[PDB]
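Below you will find one chain, with nothing else, as structure tokens; this is the form deposited in one PDB entry, and questions on how it binds or moves follow later.
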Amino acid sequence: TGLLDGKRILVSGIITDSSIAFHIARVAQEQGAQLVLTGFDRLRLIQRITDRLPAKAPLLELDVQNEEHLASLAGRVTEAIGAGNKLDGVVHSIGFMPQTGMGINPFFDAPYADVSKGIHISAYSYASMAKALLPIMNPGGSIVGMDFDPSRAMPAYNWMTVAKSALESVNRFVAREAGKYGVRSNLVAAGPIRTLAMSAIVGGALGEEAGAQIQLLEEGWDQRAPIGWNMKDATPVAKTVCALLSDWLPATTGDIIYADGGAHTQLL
């Protein structure tokens, strides 16, 4: 019946009901998955948000910079999905970059302490989550992270672009470790979706250029995509993540699937 019937999937990265992770979780539950959710910092807000999902799911705290949270994560997941069950899926939908690393702030003025924090959250944590969770994943399972194509430089995305390049490389190594467990690791490179991070982090760092943000995104994506691109509709991205979590891409690992309307295949 549903694409993910019977699968136990962890989903990180929900902060609002616009979050990519919110929509991944919604679609996964519509397709019969049983979820465990993780959230950072504003756990009361996150709980109110996840109440809007179609089904209850337990919520665990995870700040990927906190060693204790990572060291206790598998134990807390095992208790949430029922002792002795394992995960079939893990979704990393997590990122951060300080303001100095984005927007109109000059590229060269971001101090390394800020850039390092962003790389820790946005790239290294894909490895740390895999490390914590692989021992409790079933053969045939799937780890998925969110990418935004960093193969070319661009306005404003700045040091987050560098973090995404690092993430891509990390994914290919995670795939080598995950393969010993019969598990796949892949990224979904999504087109732009209107999320809290889009507005507050990228749009914030733009200051008076945020009108231009929309136009840049329409030029980069909707205009180039042969099938178009709607930044207000996260469903196509969520579906693509669900396809990777399913049994229907069983020979794809260390890889990147582009859910961007085909924009990255067209020059203009």
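Residues that one form lacks are left out of the comparison. We call the rigid core whatever largest set of C-alpha positions still superposes within 1.5 Å between the two forms. Numbers for residues come from their place in the sequence shown, where the first is 1.
Novice: 250-258 versus 5-13: which one carries the higher mean Cα B factor per the record?
Specialist: If you average the C-alpha B-factors of 5-13 and of 250-258, the larger mean comes out for 5-13.
Novice: Select between 202-210 and 40-48 the stretch whose C-alpha atoms have the higher average B-factor in the entry.
Specialist: Mean CA B-factor is higher for 202-210.
Novice: Going by the entry, which of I94, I136, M160, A189 has the most elevated CA B factor?
Specialist: Comparing C-alpha B-factors across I94, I136, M160, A189, the top value belongs to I136.
Novice: Sorting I193, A123, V115, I81 by Cα temperature factor from the record, which one lands on top?
Specialist: Answer for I193, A123, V115, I81: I81, with the highest C-alpha B-factor.
Novice: Classify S72 as lowest, middle or highest third according to the C-alpha B-factor given in the PDB entry, relative to its own chain.
Specialist: Top third by C-alpha B-factor.
Novice: Against its chain's modelled residues, does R184's Cα B factor rank lowest, middle or highest third?
Specialist: Middle third, going by the recorded CA B-factors of the chain.
Novice: Give the position of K86 by CA B-factor within its chain, expressed as the lowest, middle or highest third.
Specialist: Highest third - that is where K86 ends up once the chain's C-alpha B-factors are sorted.
Novice: Taking the chain's C-alpha temperature factors as the reference, tell me which third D109 falls into: lowest, middle or highest.
Specialist: Top third by C-alpha B-factor.
Novice: Is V64 in the lowest, middle or highest third of its chain when residues are ranked by C-alpha B-factor?
Specialist: CA B-factor rank for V64: middle third.
Not pictured, yet referred to below: the form deposited in another entry.
Novice: If I align on the rigid core, exactly one of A156, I81, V115, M198 should have its C-alpha move by 2 Å or more between this form and the one not shown; which residue is that?
Specialist: If I go through the list carefully, the shifting residue is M198.
Novice: Would you say whether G207 is displaced between this form and the one not shown, judging by a C-alpha shift of 2 Å or more on the superposed rigid core?
Specialist: Passes the 2 Å threshold, so yes.
Novice: Could you tell me whether the Cα atom of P236 shifts by at least 2 Å between this form and the one not shown after core superposition?
Specialist: Comparing the forms between this form and the one not shown, which are aligned on their rigid core, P236 does not shift its C-alpha by 2 Å or more.
Novice: Is there a C-alpha shift of 2 Å or more at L217 between this form and the one not shown once the rigid core is superposed?
Specialist: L217 C-alpha, core-superposed: shift of 2 Å or more.
Novice: Closer or farther: the CA pair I214/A166 in the other form, versus this form, with a change of 3 Å or more?
Specialist: Here the pair is farther apart than in the other form; there, closer.
Novice: Versus the form shown, are the CA atoms of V202 and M146 closer or farther apart in the other form, given a shift of 3 angstroms or more?
Specialist: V202 and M146 sit farther apart in the other form.
Novice: Kindly list the runs, ordered along the sequence, of 3+ consecutive residues whose C-alpha shifts are all 2 Å or more between this form and the one not shown once the two forms are aligned on their core.
Specialist: Residues 196-211, 213-220 form the shifted runs.
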